[PDB]
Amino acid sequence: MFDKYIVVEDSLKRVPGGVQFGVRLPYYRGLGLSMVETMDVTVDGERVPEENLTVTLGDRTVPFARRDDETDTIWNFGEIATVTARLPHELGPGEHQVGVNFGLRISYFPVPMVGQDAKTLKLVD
């Protein structure tokens, strides 16, 4: 649900030590960050471990590994979060593939609710 919209076009930007890009949540309402149980990120097919990932919602930036404490931080419906990936080398210009695979801890559903997307993004300057 909303899978084709997870990775936001034109959003890949360099930051110190890696890249940032925009991500939307594949769910029909806002959800507390603590129930984003998995968000597997790949850059150029390479996995970004959870310790190198941060999520920015509005004015709050949280390390992805600390999401358990973000029970009331809402990833609002349609809201673009800035996901920051610390990478082991600088990214050259031009296009790169960004993949996001979500598993959501939905309380009325017995197993993680899933959404997945990958897009070719150009490094916008």
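Counting begins at 1, following the sequence as shown.
Between the stretches 54 to 62 and 27 to 35, it is 54 to 62 that shows the larger average CA temperature factor.
In this entry, the higher average B-factor at the C-alpha atoms falls on 88 to 96, of the pair 68 to 76 and 88 to 96.
The entry lists a Cα temperature factor for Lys119 that places it in the middle third of the chain's modelled residues. Split the chain's modelled residues into thirds by C-alpha temperature factor. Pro16 is in the middle one. When the modelled residues of the chain are ordered by their C-alpha B factor, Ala81 lands in the lowest third. Compared with the other modelled residues of the chain, the Cα B-factor recorded for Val111 ranks in the highest third.
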